[PDB]
Amino acid sequence: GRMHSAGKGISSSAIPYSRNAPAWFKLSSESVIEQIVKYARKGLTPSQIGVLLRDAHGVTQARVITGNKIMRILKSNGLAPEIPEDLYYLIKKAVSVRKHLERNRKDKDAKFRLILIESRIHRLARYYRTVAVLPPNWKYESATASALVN
Amino acid sequence: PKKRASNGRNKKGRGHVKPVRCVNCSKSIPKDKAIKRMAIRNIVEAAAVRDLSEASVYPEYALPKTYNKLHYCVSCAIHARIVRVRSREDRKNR
Amino acid sequence: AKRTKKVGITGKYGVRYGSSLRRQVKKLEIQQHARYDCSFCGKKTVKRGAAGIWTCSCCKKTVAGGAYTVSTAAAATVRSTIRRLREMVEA
Amino acid sequence: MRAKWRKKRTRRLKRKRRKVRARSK
Amino acid sequence: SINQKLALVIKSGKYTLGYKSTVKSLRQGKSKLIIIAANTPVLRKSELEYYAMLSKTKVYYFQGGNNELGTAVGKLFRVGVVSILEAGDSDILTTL
Amino acid sequence: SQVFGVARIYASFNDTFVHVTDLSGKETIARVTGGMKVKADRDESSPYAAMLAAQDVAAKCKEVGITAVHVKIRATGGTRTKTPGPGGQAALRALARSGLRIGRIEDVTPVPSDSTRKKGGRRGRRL
Amino acid sequence: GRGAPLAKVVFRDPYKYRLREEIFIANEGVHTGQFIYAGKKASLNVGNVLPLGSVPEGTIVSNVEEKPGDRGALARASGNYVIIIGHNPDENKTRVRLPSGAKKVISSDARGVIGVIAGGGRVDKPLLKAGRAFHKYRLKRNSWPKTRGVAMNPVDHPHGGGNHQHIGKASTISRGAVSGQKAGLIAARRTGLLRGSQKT
Amino acid sequence: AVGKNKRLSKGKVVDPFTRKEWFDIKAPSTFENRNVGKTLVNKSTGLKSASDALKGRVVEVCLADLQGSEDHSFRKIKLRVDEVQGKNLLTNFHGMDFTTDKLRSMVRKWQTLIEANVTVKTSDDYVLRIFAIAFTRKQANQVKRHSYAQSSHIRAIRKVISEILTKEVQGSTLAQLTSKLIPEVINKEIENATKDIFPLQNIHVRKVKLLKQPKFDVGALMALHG
RNA sequence: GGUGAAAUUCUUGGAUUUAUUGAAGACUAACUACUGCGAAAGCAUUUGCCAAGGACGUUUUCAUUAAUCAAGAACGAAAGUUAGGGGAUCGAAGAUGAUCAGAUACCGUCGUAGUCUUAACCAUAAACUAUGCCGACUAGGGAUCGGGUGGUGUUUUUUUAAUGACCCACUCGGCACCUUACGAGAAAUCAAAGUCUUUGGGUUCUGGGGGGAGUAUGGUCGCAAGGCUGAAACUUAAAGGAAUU
């Protein structure tokens, strides 16, 4: 694995077999849904909403507690970001290296990493354009990348 | 044909190390490739301590020892008899 | 449309003065005629005036610097050393 | 000959051929 | 972070951009916090602090320039000072 | 009740130095060496010549007034040998056996912290 | 006639109600509207004119005075600076490395401008055509074009004359030579290409 | 080579130890047995004199001789002559240096060498660069024979070592510092403060070399040599 | 001073050596390892700042967005080139001392370019693990690096809480290693170089006897040195690989 590196480590989450869980949960489906949008209203990305609901609340995963997923709930209630979250962080990282490479120009390691990040962004953007998430004419512009991250 | 699994000497996973210089003929050799022998010999020669002790101020108790690490090239180590050739079976011995 | 592929700015000299001298004067003239930005305003408006003088058209603040560069690397290192010495002595 | 010395010899010979070449072309 | 907090405020609460609008907000007392970039003229900054002290508001300094302040806000142009009319869904008023 | 000095026995190849010095280090007594006793130019650093050289350094010091000295045996140091000379240990025994008591032997050979370069090239002193 | 830009810094006369205008050589980083603090108790800032007797070692200075009350002696060319090496408490004297590379010892009450003279790197672009050189020298003096002495008549130059173009005698001229024979290298200790370190 | 020199004098008798006088050295009151030794010097003449030529001198002695005991042999104290009193030159503390035998003895392999230094000025305006050394140790019941560190404990102990040295030097004079290094109490302080990060062993301070000397102050010297 | 031995060379103008310092540049011993990181080249003093990366932990999120690659692009040891700074040791050239029948080679003493750095080029190596990348399975054993888990485990501060450092057991990713040879190979040898005449997991590149020859020419890149692509005529029955005596 490791699309852009030589690593081969395996590490992920092992979800339980119980699609109806965690039994001891007692809160209602609507109670967690309004909690999801409340956390989404304060700028939290879907990953952080799940992280906060998993360690602070009794919500193991928002798929078995609710009828849909976190991003699905956000889109339904109207709190869906314009650009995908994973692409948003990738572009945010890309402009960080560009900011680093605009002052310390002699960093060839950053240049190689910047090319890897830009290639990763383009590959992810191609899938999103194909899946009809981004505009068909969407492109990664280095000058406009900083403005896209807002 | 191939002779040793470690081709030059003790280098698997690095690719390059800072070289060192031989103490005998000043030959440039990789630090791993160099054969190192540590010298723990006393500052005085063999015996002669009893001569020093009689002419020693304070109750002796000094007996200093010099410590030095010596790096030898392959040509010099074999020539100086420090490192000698072995049979194929004895080659694998560490 | 890339009228000149390698000559660049110094196509005025033509075929005279030698390729090496043309390359050096091109390298320095690119920075001499480049447009810089004010550190007092941020707009890219700093342009070269006379030798060592860099004046602008929006903020009108003039800076003394290099003959062809708005900030010499040696000057930047000297300023950094001066700031370090001042911080060490005034602490 | 060694590979280095043979390559150096043919490189010097190539330099001489190119120097002769520059006189006509 | 401060950039994320400003972006959240721009997305949710009421914000105004520029110097004259900031002065007007300070005059009308509809302002709570003002953020001034480290590149604005010192005279303008000092007058902004005077208005802020007269109106009992909060002053924050953005450690960049007008370009950086505009980028953090989420605008292409240059912003020298941003006045925060309403916090909205963020917490930049209560914290920092 | 015993005045003290310093031996500074410089031990190297092709030469050997025994230079008795007072406690401070400015004074110099009996700088005789092993090269002014031998007539071969190959035994100047030999142990047989260091003993002869140190036999005079222990007599001039005694005549001067020095009865005991400290010992700081050193080598060429730098980036050349870093090992004591063949006759350095013989010179120490020579003045010890001449009635001059010694004490507090020290090794003061200059070890470098990776300074400059060593003569010989990258292919060594091919002989 | 000078490659270093000038800065017009005006002060206030402490004894009379009148504005004094002073002409200072502009340093790198100095901008219009900047406040320059000239004196002894100032701060170590670019453009300040503190004396060399109250600055830490390693200080980069410009417009260094050879003696107190000189108003600018050393480091007055573009891109040049003077390095502070050390100070002597007793018999106050500051040691300075000059742009030439010659060690100097001056008084501790010699004022110097902090920073690097503007216009640095001026001599890095060939004059390309004779017109640029002519314009540069017209504003300076009548020293261009220069005619070689070996192409002259024997009466108009010692090196001239003969059926060929050769000096004839040695180009090196002794220091104790009268006016007229000093045409070439004056007191040249060494000649030829300078290969290796200069042993400065 | 007694008969190989060709050019002995390119230009074209009395024994020199008759014009030399013995001078007895003395040490600070920090060291118990002052009793330093004797040194030669040219006789006092009207051109150069003996005081001027003896004013600048640094004599190196061993701490074991000064203190009488034997557990300070590996530490040699360097004393600098700076003033005389009529055939008894008086010295002052100039530096401390760990002998080559000891330094190369504690330095072994299969262990981590922790080193640090600090530039600190004392109360009497003596700018001092103080070095310290430390080696990781194999704790009891451990079977792994490398006892290495993770380069983060090294930085932590280096920070603790630096602040400990700064604390015990800033707030004391040169005489107090000299009276502090001899009992080796600084080593106890370090082993008390860096014992919760990594065991360590052979905690020592390497060099206390001098960098800047303040005004001569002949008054302090007379207090040193009572 | 140096060498197997000598000599050039330095020495009443004090060489060499010792003691107190100062300046300049280079470098990062000992600690330094069948040890770590990085795509490779490569990277070893301390501190501060900047961004980046692998592994681990995860009941967090997207969801097949993936693997290999013509063309194309980034980095790319040393040496070399352009213009400054720097220039202490070593040191292509060169000058001498020898040895030798001859020695402009090995050895000795000097010594320019270079070795360091800034900005722009050069795109090469035994750049090797001579072994392309991704994925699956297959004999055991121990040590070690990074993360995690458990054991009233041991030690540590205030004997005894935490934490940290160690012991034992387990787990994931590593640099690797020891013994066997199911299996493979011409053999040397290999946990892959195995699961290939019981021949088929996906993909890229290269080779068709030895010379001529990586030469000639034609393109292409480069300031140059040189890099990439790249023959033919002609000649030969042999070269070449692993092992045995």
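Chains as they are written, first to last, in the authors' numbering: chain SY, 2 to 151; chain Se, 2 to 95; chain r, 2 to 92; chain p, 1 to 25; chain e, 9 to 104; chain SZ, 11 to 137; chain D, 53 to 252; chain SQ, 2 to 13, 20 to 233.
All C-beta atoms, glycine included, are put in the ideal place defined by N, C-alpha and C.
| Check | Outcome |
| --- | --- |
| C-beta neighbour in chain SQ for Se/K19, strict 8 angstroms | no |
| DSSP beta-bridge partners of SY/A133 | The partner list for SY/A133 (beta bridge, DSSP) is empty, contrary to what the question assumes. |
| Under the three-state DSSP convention, the category SQ/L188 falls into | helix |
| Three-state secondary structure (DSSP) of D/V82 | coil |
| Per-residue contacts from residue 147 of chain e into chain SY (C-beta, under 8 angstroms) | This structure cannot settle anything about residue 147 of chain e, because the visible part of chain e is limited to 9 through 104. |
| Rounded straight-line distance, which links the Cα of SY/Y89 to that of D/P178 | 50 angstroms |
| Members of the stretch 16 to 35 of chain e that neighbour chain r once the beta carbon cut-off is set at 8 angstroms | none |
| Check: D/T252 C-beta below 7 angstroms from any heavy atom of the ligand ZN | Absent from the structure shown: the ligand ZN. Ligands present: none. |
| Within chain SY, partners of e/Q12 - CB distance below 9 angstroms | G44 |
| Cross-chain neighbours of SZ/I115 in chain Se, by beta carbon under 7 angstroms | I44, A63, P65 |
| DSSP three-state assignment for Se/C77, whether helix, strand or coil | helix |
| Expected contact under 8 angstroms - CB spacing of SQ/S112 and Se/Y68 to nearest Å | 7 angstroms |
| Neighbour-count burial assignment, D/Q233, 16 or more Cβ in a 10 Å radius | exposed |
| Distance, SY/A63 Cα to e/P49 Cα | 51 angstroms |
| Residues that DSSP places opposite D/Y89 in a beta bridge | Note: D/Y89 sits in no beta bridge, so no partner. |
| Within chain D, the residues that r/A65 reaches when beta carbons sit closer than 7 angstroms | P57, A59, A78, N79, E80, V82, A170 |
| Beta carbon of Se/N43 nearer than 8 angstroms to that of Se/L64 | yes |
| Where Se/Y59 meets chain SZ, residues with beta-carbon distance less than 7 angstroms | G113 |
| Assigned secondary structure, SZ/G113 (DSSP; H/G/I helix, E/B strand, else coil) | strand |
| Simplified DSSP state of p/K7, which is helix, strand or coil | helix |
| Stretch-stretch touch, CB-based, cutoff 8 angstroms, three pairs: the stretch 165 to 177 of chain D with the stretch 113 to 129 of chain D | yes |
| Residue-level contact to chain SZ via CB, Se/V50, 8 angstroms cutoff | no |
| SY/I11 (DSSP reduced to helix, strand or coil) | coil |
| For r/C39, three-class secondary structure by DSSP | coil |
| Bridge partners - SZ/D32, DSSP secondary structure assignment | SZ/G15 |
| Listed by chain order, chain SQ residues near SZ/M61 by CB distance under 7 angstroms | By Cβ distance, chain SQ contributes nothing, its closest Cβ being about 17 angstroms from SZ/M61, past 7 angstroms. |
| Host alpha helix (DSSP H) of SQ/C69 (start-end) | Counting along the chain, SQ/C69 falls outside any alpha helix (DSSP H), though it belongs to the beta strand (DSSP E) covering 64 to 69. |
| Buried/exposed call for SZ/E54, threshold 16 Cβ in 10 Å | buried |
| Span separating the alpha-carbon of SQ/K174 from that of r/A65 | 47 angstroms |
| Range covered by the alpha helix (DSSP H) that runs through Se/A40 | Looking at the DSSP string, Se/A40 is not in any alpha helix (DSSP H); the run it does join, the beta strand (DSSP E), is 36 to 40. |
| Residues, ordered as in the chain, of the stretch 27 to 39 of chain SZ that lie near chain SQ by beta-carbon distance below 8 angstroms | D32, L33, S34, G35, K36, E37, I39 |
| Buried/exposed call for e/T30, threshold 16 Cβ in 10 Å | buried |
| Inter-stretch contact (C-beta, 8 angstroms, three-pair minimum) for the stretch 130 to 147 of chain D and the stretch 176 to 193 of chain D | no |
| Where the beta strand (DSSP E) through SQ/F142 begins and ends | 134 to 142 |
| Coil, strand or helix - SZ/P57 by DSSP | helix |
| Alpha carbon of SY/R55 to alpha carbon of SY/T61, nearest angstrom | 5 angstroms |
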